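Before any questions on how it binds or moves, here is one chain, the form deposited without adenine, in C-alpha cells.
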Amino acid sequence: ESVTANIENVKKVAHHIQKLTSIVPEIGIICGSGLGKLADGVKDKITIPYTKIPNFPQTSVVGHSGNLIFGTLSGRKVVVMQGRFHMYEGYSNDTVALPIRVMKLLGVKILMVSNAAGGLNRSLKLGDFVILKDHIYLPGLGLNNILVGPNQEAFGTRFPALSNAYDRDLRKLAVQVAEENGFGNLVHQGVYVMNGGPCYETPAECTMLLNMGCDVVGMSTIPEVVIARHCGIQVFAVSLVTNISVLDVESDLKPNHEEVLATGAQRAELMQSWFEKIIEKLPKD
C-alpha cells in the first residue's frame, strides 16, 4: 500500500518539496478532464516531477511521470497536480491520501478538481459543466471508503461529517463567474456518484443510478474529496459531461473514451478560463 499517510511521512514529503520551491500554495488544483490547458498556463511555473520527490506516489501516462506545478494563476499562489491516482488502477488508500495531506501541510486552503463523467440527468448535454453539490460514494458505503483503517488523528477525526463538503460559497461564486462571462447556460449543479470502475456503466446500472437521485457518474474524485474534507480543505469540484449515459440495452450507442477525451480537449479552453476567473475572485486574499 506504499507509505502510510501519517504525519511523519507526509511532513517528510512536504519538506522535500519546500526545498525545491519557495511558492507557498494557497490553492491546490487536481487536473482532470478539461484542465490540461490550465496546468500549462500557470505563471512563473516550477515543475517538480513525482520521480524527484522521495516517498511521493508514482504514476505515469504511458511512461511519462506526473508532475507537481507551483506558480500563480490570476495572481494567486497555486500547486497543480498533473497526474492522479485513480482507485481502478489499484492504488492504495494511503497512495491517494498522501498528496492531499501534503497539500494541507504546504498551506493549501482550497482544492479545485475536475473530472470526466457520464450524464445521467436527461437534461444534460455533452460538454456541460456540472458543479458537484453532493455525492454518493458507492465504494464508501461498501467497505472501500478511503478512510478505512487506523485514523490519522493528526489530519482529522475518526467519523468526519460531509455536510457542506462542496462548499456552498465556492459553488455560488463559480456560478456567478460563469453567468457574468456569458456561459451560465453551460453550468449546472448536481449529485455525482462514484462507480469504482474501470468499466463504463451498463444501461441497467445507469437507470438505477438515475433513480437513486444521481445527475452524473464517474470513477474518480470522491476519495480525494473525502481526504480534503477530513483535513479541513474547502472543496470545489466540477464534472465535465463527456458522455450521455445510455439507459436502454436496445441501443447501439456506447461510451468509447476517445470521444470522452475529445470532449475534454474541446472544452479545455473554456474550463481554463472559468477556473482562472474563479481564482481571481476567491476570498481570504
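Start at 1 and count along the sequence shown; that's the residue number.
Just so you know, the form solved in complex with adenine exists too; it's not on screen, but the next bit is about it.
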item: Stretch in contact in the entry with it bound with adenine, which is absent here, among 94-102, 170-178, 117-125, 69-77 (heavy atoms within 4.5 Å); value: 117-125
item: Sole residue of 53, 235, 42, 219 within 4.5 Å of adenine in the entry with it bound, by heavy atom; value: 219
item: Residue (of 137, 200, 166, 155) lying close to adenine in the entry with it bound, criterion heavy atoms within 4.5 Å; value: 200
